[PDB]
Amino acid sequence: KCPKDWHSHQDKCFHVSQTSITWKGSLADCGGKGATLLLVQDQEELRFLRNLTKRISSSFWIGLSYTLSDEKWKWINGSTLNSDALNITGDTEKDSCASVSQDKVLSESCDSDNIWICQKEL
């Protein structure tokens, strides 16, 4: 199904942003649409979105972050990141937030501006 201007794929709907924003701003944005940032299901899904976002270049925020007090990478669903379901690359001496480039997954400052993608589940 999905709504107008969102792209369907398996049991999920995606909306790619038209602007770039901080990680926390992107949380508020997908929140106002009754959605969340991305919980990556497969390397298949990561392929599909990498294509969809090819034209935009940029690298898009996902629902995955590192808070220094936790001492670990965590998806917004509460699960710890599996390092070889998905391999994040970059430093972690501060709170960081993950984005997905064409070739990598990046630890970045949560105050960087990136494109984001929102998901809703059918």
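For every residue, the number given is its place in the sequence shown, counted from 1.
Higher mean CA temperature factor, per the PDB entry, when comparing 76 to 84 with 53 to 61: 53 to 61. As listed in the deposited structure, the average C-alpha B-factor of 24 to 32 and of 43 to 51 is greater for 43 to 51. Per-chain ranking of the deposited C-alpha B factor places residue 102 in the highest third. Ranked within its chain, residue 19 lands in the lowest third, by CA B factor from the PDB record.
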